[PDB]
Amino acid sequence: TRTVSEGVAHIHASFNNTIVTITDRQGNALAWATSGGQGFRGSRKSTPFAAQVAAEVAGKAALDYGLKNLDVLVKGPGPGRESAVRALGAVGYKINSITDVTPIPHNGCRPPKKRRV
Amino acid sequence: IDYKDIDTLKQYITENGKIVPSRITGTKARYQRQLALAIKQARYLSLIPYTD
Amino acid sequence: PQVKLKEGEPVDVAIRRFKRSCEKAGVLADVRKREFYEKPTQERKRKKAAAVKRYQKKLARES
Amino acid sequence: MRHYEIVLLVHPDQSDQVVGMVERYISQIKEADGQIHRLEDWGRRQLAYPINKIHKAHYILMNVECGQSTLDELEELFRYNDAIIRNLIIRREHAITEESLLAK
Amino acid sequence: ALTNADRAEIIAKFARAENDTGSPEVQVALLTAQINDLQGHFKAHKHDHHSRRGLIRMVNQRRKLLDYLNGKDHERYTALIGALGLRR
RNA sequence: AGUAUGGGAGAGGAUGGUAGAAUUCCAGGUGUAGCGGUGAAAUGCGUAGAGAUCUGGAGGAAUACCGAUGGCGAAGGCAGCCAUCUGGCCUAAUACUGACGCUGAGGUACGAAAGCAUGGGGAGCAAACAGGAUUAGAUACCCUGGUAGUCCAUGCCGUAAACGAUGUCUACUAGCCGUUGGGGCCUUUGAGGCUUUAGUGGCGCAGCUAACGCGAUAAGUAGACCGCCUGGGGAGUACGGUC
C-alpha cells in the first residue's frame, strides 16, 4: 500500500540468534525475518548461514514495499553480522551507511554471576 | 587549561567522544588531569557531546 | 563509526572498512566485559599481571 | 570575601528578558556587597545535545565576588527561576577580568 | 576557622619577647584557640573520624607542652593556665 | 623535637545538590510468528499480539573513556561534576623555643564482608526455596524463577590469607635503569640536560640465609622498647570469668 524509497535495517545479533528487521525512517516496521523462522532450529540459529538466509528473506520481503537504498545499523556481538550485511547487498540494495550502535553502560547495573562450567 | 578552549579540547577527543589516553599523545600527567576535568565540565555545559 | 559510502565503493569493501572501524573502536571488548560480573580482587590481579607484562615488553624493546 | 565564576543557560524564547535578569542579579549583588569583575554574553548558541527538547540557548558568563549569603540567595533565585535551564558555579582564586576566549 | 589577624592577636598577647613564636605559652594558646574553634565543627559533623584524629593530636601536643612548662617553671605554668582557663 | 610567615599536589573525611549512558516496569505507534536458553535440551514467555523497532513517563543503584608497576589515608579503605565545613603531607629561607625525645604492660579510639535492632526503600543481582535438565544416585556444578540481603537514617557486633604471611624509632654500608610531588643549576627561547629532596618500582657487589631468596623500601652492620614461640594431635576446645 504505502511506497517508501529509503529505509533502515536493524540487525540484532547475539550468541544464540540473529534477527533482521526492515523499517522505514521514524521507526515503523515493514518486514522482519529470523533464523528460527527459516528452520535452523536449536543450536543452528547462530551459524552465519542462517543469518544470510534470513537477511535474504527480509530483503526480498522489503522489495515488495519497493525501496532501494537502506541504512544499516548493527547492534550486538555474535557471528553473522557481516554475513547479514553482505546478503543485504547481494539482494541488490544500495547501502548508504553502516554503523555500530551496541549500548554501553557508564558503570550501571550489576551483571549476572560468572558460570562455572 | 580551561573549559572554554573548545578547539584544544577537541584536539584530545576521539570521534566517539572519548578521552584519548596520555600514552597516545605523550601528555604529562598533571596536564592530563586538568584536561580530563575541563572535558567533563564542557560535557556538562553541553559545549561538546557526551557520546558521538 | 557511521561508515558512509562513496559512489564507487563496493559492498564488500564497505563491510571490511566497517569491520576495521569497529575493531578500532573496540566496542565488542566492552560488551564482552559487561557480560559477567568480575570480582574486584580478580580485576586487581588482572591489572597487576597486565602491568608486569607491559613493563617486561618495554624492557625487552629497549634492550 | 570569595571569587566565583558563573555560567547560565537561558531559554531563547526568554532571551528578550535577559537584560532584566542580569540587571536585577547584579543590582542585588552590588547593594549587598562586592563587585562584578566580568559580564559576558556569548549569544544564542546551539547545543551539542538537547535539554528538555531544546536545541539552542543563550549563554551568560559572570565573574563576581561576594559573600555566603549572596551565594545562597543566588542559588535560590537560579533554582526557582524557569528561564534558567542550567547553571555552573566555580570557586576561583584571584580576580579574572580579561576578555575570555570564545566570547568574541 | 581562624585567620592571620586572629593568630597574630594571640601571638602578640602571649609573646614572651620580640618575634617570639616558639615559646610554650604561645604554642599552648594557639592550640587552645584551635581546639575551641573545632568544637563547632564536630557538633554538626559527629561522624567525621578522620578529622577527630587531628584534633586528638592537638590535644596531646598541648598536654606535653604544659607538662614541660610545669617542669621548667611553676609560676609561669600557673599564670598561663589561669589566663587560658584550663582546668589542669 | 616543635612554632610563625609564602607556595604546591592529592579517588583524605562529613553534609547537600546535580548531570549522562544503561537494565527493569508502564502507556502508546509500526508490525507478525516465534522468542529465550544450552554441550544438546527442557522448564518459561507469545496469536486477549511476544520478541524487534520508535516516542513518552516512573523508580532504584552504580559512575565507561581519562586510568597508570599512578595518587591520598595509621590501618580498614577512598573514583562522575559543583558548593559548604574540615584533617594530614610536601617545599624555600629566615626568625623563635631550647632536649620539650623514643617505646609503651594495663587502658582507650578506629576497624572489610557477613550478621543483629528500630524505621524507610527496593531497579539489577541473589543465600534459602520451587521447577527443568545431567547422573547409577545429584541433595551440586548448567537453565528458568525467586525471599532475606545488598541501598538509606540511628545503634550494636569487633572478626578476615585484617598479608609485605616482614612491630615501632635511629645511624651507617658499591653501583645501574624507571616513575610521582617539589627546590636549584645549565643551556638558549623552549624544549631539553645535570643535580638535591620526600614517595613508589625493576636488577645487582659485599654481607646474610637450610635453601628459596633479601639486598639504602635489608631478611646487611649496630642501639632503645614492646609482643610472641618451645614436637604433632586433643585444642583456640572444656570449666571459671568479662563483654
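Residue positions are given from 1 per chain in written sequence order; they need not agree with the entry numbering, and residues without coordinates are hidden. Each chain is given a letter, starting from A, and each ligand a number, starting from 1, according to the order in which they appear as written. Values throughout refer to the chains shown here, themselves only part of a larger assembly. Side-chain figures throughout are based on the complete set of non-hydrogen atoms in the structure, without hydrogens or water.

Looking up chain E in the PDB entry gives the name 30S ribosomal protein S15, with the organism given as Acinetobacter baumannii AB0057. UniProt positions are given in the numbering used here, feature names are shortened, and annotations may be inferred rather than shown by experiment. Looking at chain E in UniProt, the text filed under Subunit is "Part of the 30S ribosomal subunit. Forms a bridge to the 50S subunit in the 70S ribosome, contacting the 23S rRNA." Its UniProt record gives chain E the following Sequence similarities comment, quoted word for word: "Belongs to the universal ribosomal protein uS15 family."

Going by the annotation in the PDB entry, the name recorded for chain C is 30S ribosomal protein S21, with Acinetobacter baumannii AB0057 given as the source organism.

> When you look at the overall build of chain E in this model, what are you seeing that I'm missing?
Check the secondary structure of chain E and you find four helices and zero strands. Ordering the α and β elements of chain E from the N terminus gives α-α-α-α. Expressed as lengths along the three principal axes of its C-alpha atoms, the size of chain E is roughly 40 × 30 × 20 Å. Within chain E, buried positions represent 26% of all 88 residues. In this text, helices come from DSSP runs of H or I with a minimum length of four residues, and strands from runs of E with a minimum of two, each type numbered from the N-terminal end. The buried label applies to any residue whose accessible area, calculated with a 1.4 Å probe on protein chains only, is under 20% of its type's maximum; exposed applies above 50%, and partly exposed to all values in between.

> Explain the protein's contact with RNA strand F here, please?
In the vicinity of RNA strand F there are 86 residues, among which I104(A), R116(A), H41(E), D48(E) and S51(E) approach most closely. What qualifies as a polar contact is a pair of N or O atoms within 3.5 Å, subject to a donor-acceptor requirement within protein and to the restriction that residues adjacent in sequence count only when both atoms come from side chains. In the model, a sugar or linking oxygen of RNA strand F is placed 2.9 Å from a nitrogen or oxygen of the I19(B) main chain. The side chain of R86(D) places a nitrogen or oxygen atom 3.1 Å from a sugar or linking oxygen of RNA strand F. It is helix α3 (residues 49-72) of chain E that contributes the most residues to the surface near RNA strand F, 10 residues altogether. Considering only residue class, the surface near RNA strand F consists of 27 nonpolar, 32 polar and 27 charged. The near set for a molecule or strand comprises every residue that places at least one heavy atom within 4 Å of it. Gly falls in the polar group here, along with every residue not listed as nonpolar (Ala, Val, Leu, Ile, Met, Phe, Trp, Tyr, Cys, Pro) or charged (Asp, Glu, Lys, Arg).

> Looking at this structure, how should I read the side chain of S15(D)?
Residues and elements named next belong to chain D. Note that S15 resides in the loop between β1 (2-10) and α1 (18-32). Owing to a relative accessible area of 15%, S15 belongs among the buried residues under this scheme. Any two residues whose heavy atoms approach within 4.5 Å at even a single point are treated as in contact. Every residue in contact with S15, bar those within four places of it in the chain, is listed here: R44 and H58.

> For this particular structure, what's the right way to read the sheet that holds strand β4 (residues 84-92) of chain D?
Taken in spatial order, the four strands make up an open sheet running β2-β3-β1-β4 (chain D), and their pairing is antiparallel. Each edge of the sheet is formed by a strand with only one pairing partner; in this case those strands are β2 (36-51) and β4 of chain D. Within this sheet the neighbouring strands show an average axis-to-axis angle of 20°, counted without direction. Think of it this way: DSSP has to see at least two bridges between two strands before they count as a pair. Across 10 bridges, the pairing between β2(D) and strand β3 (residues 54-66) of chain D is antiparallel. Across the sheet, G43(D) pairs through a bridge with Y59(D), a residue of β3(D). Axis definition: a line fitted to C-alpha atoms, limited for helices to the stretch in contact. Angles are taken between N-to-C directions and run from 0 to 180 degrees. The strands touched by helix α3 (residues 29-45) of chain B within the sheet are β1, β2, β3 and β4 of chain D, with β4(D) carrying the most contacts at an inclination of about 155°. Sitting on the sheet, α1(D) is in contact with β1, β2, β3 and β4 of chain D, with an inclination near 20° to β3(D).

> Looking at this model, I keep getting lost on the packing of α3(E) against helix α4 (residues 74-84) of chain E. Mind explaining?
The axes of two packed helices give the description: the angle between them and the distance between them. All names here are of chain E. Where α3 contacts α4, the axes come no closer than 6 Å and their chain directions differ by 140°. Relative to α4, the element α3 lies oblique. Contact residues: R63, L66, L69, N70 and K72 in α3; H74, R76, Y77, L80 and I81 in α4. Residue classes in the contact of α3 with α4 are distributed as five nonpolar, two polar and three charged. Should an angle fall under 35 degrees it is called roughly parallel, over 145 degrees roughly antiparallel, and 65 to 115 degrees roughly perpendicular, with every other angle called oblique.

> Would you explain α1(D) in this entry?
An α-helical segment advances 3.6 residues per turn. Residues three or four places apart therefore align on the same side. Residue and element names in this part refer to chain D. Working rule for helices: expected span equals 1.5 Å times residues minus one. Taking 1.5 Å of rise per residue, 15 residues should cover 21 Å, and α1 covers 21 Å from first to last C-alpha, within 8% of that figure. Along α1, the positions that sit buried rather than exposed are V18, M21, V22, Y25, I26 and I29. Looking straight down α1, one finds that the buried residues subtend no more than 110° of arc, so they occupy a single side. For α1, exposure combined with an orientation more than 90 degrees from the buried face picks out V19 and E31. At its buried positions, α1 is contacted by β1, β2, β3, α2 (68-80) and β4. As used here, the arc belongs to the directions running from the helix axis to the C-beta atoms.

> Just to check I follow, could you spell out empty space enclosed by the protein for this structure?
Empty space among the atoms becomes apparent when a probe as large as a water molecule is rolled across them. Residue and element names in this part refer to chain D. Only protein atoms enter the calculation, which uses a 1 Å grid: trapped sets of points that fit a 1.4 Å probe without letting it out are cavities, open sets showing protein on both sides within 12 Å along at least five of seven lines are pockets, and any residue with an atom within 4 Å of a point is a lining residue. Grid points are joined across faces, edges and corners, and a volume is the space filled by probe spheres set on the points. Counted by the stated rule, this structure contains two cavities of 30 Å³ or more. Approximately 50 Å³ is the volume found for the largest cavity. Looking at the largest cavity, the residues that line it are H3, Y4, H37, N63, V64, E65, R92, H94, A95 and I96. For the lining of the largest cavity, the elements supplying multiple residues, two or more each, are β1 and β3.

> What should I look at first to understand the environment of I11(A) in this one?
Residues and elements named next belong to chain A. Along the chain, the position of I11 falls in strand β1 (residues 6-13). Relative accessible area serves as the criterion here: at 3%, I11 is assigned to the buried category. Apart from the residues lying within four places of it in its own chain, the contact partners of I11 are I19, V20, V72, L73, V74, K75, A84 and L88.

> Before we go on, may I ask you to explain the packing of aromatic side chains in this structure?
Aromatic ring pairs are described here by two measures, namely the spacing of the ring centres and the angle between the planes. Aromatic pairing here means that ring centres of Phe, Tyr or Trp (its six-membered ring) are within 6.5 Å. Orientation follows from the plane angle: under 30 degrees is stacked, over 60 is edge-to-face, and everything else is tilted. For the structure on display, the rule yields four aromatic pairs over all chains. An angle of 80° between the planes, with centres 5.8 Å apart, marks the rings of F40(A) and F49(A) as edge-to-face. Taking the centre distance of 6.0 Å and the plane angle of 50° together, the rings of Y50(B) and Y49(D) count as tilted. Highlighted residues: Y50(B) in the segment after α3 and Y49(D) in strand β2, drawn from two different chains. If you follow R110(A) out to its NZ or CZ, it ends over the ring of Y37(C), 3.8 Å from the centre. Here, a charge over a ring means that NZ of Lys or CZ of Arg falls within 6 Å of the ring centre while also lying within 35 degrees of the ring normal. It is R86(D) that lies over the ring of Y44(B); its NZ or CZ is 5.2 Å from the centre.

> Where do I start with the pairing of β1(D) in this structure?
Each regular strand carries side chains that alternate between the two faces of the sheet. Residue and element names in this part refer to chain D. The buried count for β1 comes to eight of nine residues, which makes it a mostly enclosed element. The pairing of β1 with β3 spans nine bridges and is classified as antiparallel. Pairing of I6 across the sheet is with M62, part of β3. Bridging between β1 and β4 involves eight bridges; their strand directions are antiparallel. Bridged to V10 within β4 is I84.

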